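Shown below, as C-alpha cells, is a lone chain in the form deposited in one PDB entry; questions about how it binds or moves come after it.
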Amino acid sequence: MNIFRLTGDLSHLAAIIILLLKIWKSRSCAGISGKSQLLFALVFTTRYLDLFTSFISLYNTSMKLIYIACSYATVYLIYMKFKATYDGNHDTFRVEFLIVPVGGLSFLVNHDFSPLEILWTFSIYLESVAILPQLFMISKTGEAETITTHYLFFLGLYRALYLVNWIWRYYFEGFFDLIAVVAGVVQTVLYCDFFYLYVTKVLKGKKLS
C-alpha cells in the first residue's frame, strides 16, 4: 500500500459518490449512460468473486462491498426508479462489440486457464472500455453538465494514479502485472481528449463542446 493507490481508490470512490448523489438529489439521470453503469457493475461482479476465496484486509473487503453496492444502486436509479429521465434514444452504443471480444480475449490471454482467473481478466479488459458508451453519448448529445465532467475527471484520474502505483510497486517490491498495466494504459489513453477539454474549458468556466 502506497499513497498513489490510496489516492487512486479515494478518487474512484469520489467519482462513484458524485454520480450517485447527483442522480439521487436531482431525481433525474439525464445525460447519463446507463450502458456504462451496467458495464461497471459487471466489472465489480466478475472481479470481486475472490471475496469468497481470499481475505487481504478489512479495507480491501469493505471497498469491494461498497463498490458493488454503489454500482448496483446506480443501475437501479437509472433503469428502475428514475427511468422516466433515462435518455435511451441517445445512449445507443452497441455494447456487444465490447462484451463479446473482451470475453474472447480473457479466455485466450490470461495468467491462468481457470474460471476465477478468466473472470478476473474479463473485468480488467472490460473496465478499459467501460466508459466508451458515456463518452459516445456526450459526443452525440453535444455538451456535458459540469457535475458529469467532475465524475469523469475523478474516474479518469483513478486508473492514472494506479499506473503510478504500479511503477512504485515494481521499483520497491518487484511486483509486476502486465495484464493490469496494458489495460490500465488503454483505460487512461481513452480519457486524453476529455482531460484536455476539462483543463482548457471546464476548469476555465466554459462548457464542454
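Sequential numbering from 1, following the sequence displayed. For clarity, a rigid core is taken as the largest C-alpha set superposing within 1.5 Å between two forms.
Undergrad: Averaging only over Cα atoms, indicate whether 43-51 or 170-178 has the higher B-factor in the PDB entry.
TA: According to the entry, 170-178 carries the higher average C-alpha B-factor.
Undergrad: Test of understanding: from the entry's C-alpha B-factors, which stretch has the higher mean, 6-14 or 197-205?
TA: Looking at the record's C-alpha B-factors, the answer is 197-205.
Undergrad: Can you tell me which of 121, 74, 139, 128 has the maximum CA B-factor listed in the PDB entry?
TA: That would be 139, according to the entry.
Undergrad: Once the chain's modelled residues are ordered by C-alpha B factor and cut into thirds, is residue 82 in the lowest, middle or highest one?
TA: CA B-factor rank for residue 82: middle third.
Undergrad: Hey, what third does residue 100 fall into on Cα B-factor, ranked over its chain?
TA: Highest third, going by the recorded CA B-factors of the chain.
Undergrad: Quick check on the deposited entry: does the C-alpha B-factor of residue 35 sit in the lowest, middle or highest third of its chain?
TA: It belongs to the lowest third of the chain when residues are ordered by C-alpha B-factor.
Undergrad: Sorting the chain's modelled residues by C-alpha B-factor, tell me whether residue 164 ends up in the lowest, middle or highest third.
TA: Residue 164: CA B-factor falls in the middle third of its chain.
Undergrad: Consider only the C-alpha atoms of the modelled residues in this chain, order them by B-factor as the entry records it, and name the third containing residue 63: lowest, middle or highest.
TA: Middle third, going by the recorded CA B-factors of the chain.
The same protein also exists as the form deposited in another entry; that form is not shown, yet it is the one meant from here on.
Undergrad: Does superposing the core leave residue 60 with a CA shift of 2 Å or more between the shown form and the other one?
TA: Shift at residue 60: 2 Å or more after core fit.
Undergrad: Would the C-alpha of residue 148 be classed as shifted by 2 Å or more between the shown form and the other one after rigid-core alignment?
TA: Residue 148 C-alpha, core-superposed: shift of 2 Å or more.
Undergrad: Cα of residue 191 displaced 2 Å or more between the shown form and the other one, core superposed?
TA: Yes: residue 191 shifts by at least 2 Å between the shown form and the other one.
Undergrad: In the other entry, the Cα separation between residue 91 and residue 197 changes by 3 Å or more relative to the shown form; did it shrink or grow?
TA: Note: Cα gap between residue 91 and residue 197 shrinks in the other entry.
Undergrad: Can you confirm the direction of the Cα distance change for residue 97 and residue 149 in the other entry, closer or farther than in this form, given it is 3 Å or more?
TA: Those two alpha carbons end up farther apart in the other entry.
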